[PDB]
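Data first, discussion second: the structure below is written as structure tokens.
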Amino acid sequence: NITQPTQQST
Amino acid sequence: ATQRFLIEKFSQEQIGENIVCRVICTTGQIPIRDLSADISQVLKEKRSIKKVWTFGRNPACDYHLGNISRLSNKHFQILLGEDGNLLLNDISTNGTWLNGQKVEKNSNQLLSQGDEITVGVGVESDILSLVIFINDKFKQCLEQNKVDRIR
């Protein structure tokens, strides 16, 4: 069910 | 021996019909599959691309993993072309990894021997790895490059 965006270290 | 003989070949099947590469899951999640393409098409075609595989939780995707929240319908894609070489195309929402190294999405990368692609990065417990097995037969064929002539 849809794709969820994971975290990301800027 | 008639029926039994048929079973013997069942386990011992001649592999190498026209296989390009073989995807093998090392983390134990997806069943091993075999990627294949036409040699004539690959040898004759040397521009744009020949045949690309799409992997992900999508039943359409050439590769069916399962349904990981982190992974996308078509997490990654593999394209075969060039002058007798394979290419890896990442197509995930979060990204595709190669041996722990994150590559540029929707970017073409040169294939590696027994390479491995990691996906679902973000959570230590939400990462999935895959291994790429290149068919030596395919390479040997290109090295010889047979000519197609009628009579």
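Listed in order, the protein sequences are those of chains B and A. So for the first sequence, the entry's author numbering puts the first residue at 3; every next one is plus one. So for the second sequence, the entry's author numbering puts the first residue at 14; every next one is plus one. Even for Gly, the Cβ is constructed at its ideal location relative to N, Cα and C.
C-alpha of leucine 123 of chain A to C-alpha of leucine 100 of chain A: approximately 5 Å in a straight line.
Excluding residues up to 5 positions away in sequence, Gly69, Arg70, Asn71, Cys74 lie with their Cβ nearer than 7 Å to the Cβ of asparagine 86 of chain A in the same chain.
Any Cβ of chain A closer than 7 Å to the Cβ of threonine 12 of chain B would place that residue at the interface, and such an atom is absent. With respect to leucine 111 of chain A, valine 36 of chain A sits apart: the two C-beta atoms are not nearer than 7 Å. A contact is defined here as three or more CB-CB pairs under 8 Å, and the region 39-46 of chain A fails this definition with respect to the region 95-109 of chain A. With respect to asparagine 148 of chain A, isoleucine 52 of chain A sits apart: the two C-beta atoms are not nearer than 7 Å. The alpha-carbon of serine 125 of chain A is positioned some 40 Å away from that of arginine 17 of chain A. The residue among A:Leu84, A:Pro44, A:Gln25 with its C-alpha nearest the C-alpha of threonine 5 of chain B is A:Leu84. In its chain, beyond the 5 residues on either side, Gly94 have a beta carbon closer than 8 Å to the beta carbon of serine 61 of chain A. Using beta-carbon distances, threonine 106 of chain A counts as an interface residue toward chain B, with a partner under 7 Å. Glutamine 90 of chain A sits away from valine 55 of chain A, with the two beta carbons spaced by 7 Å or more. Listed along chain B is no residue with a C-beta nearer than 8 Å to that of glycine 79 of chain A; the closest approach is about 13 Å.
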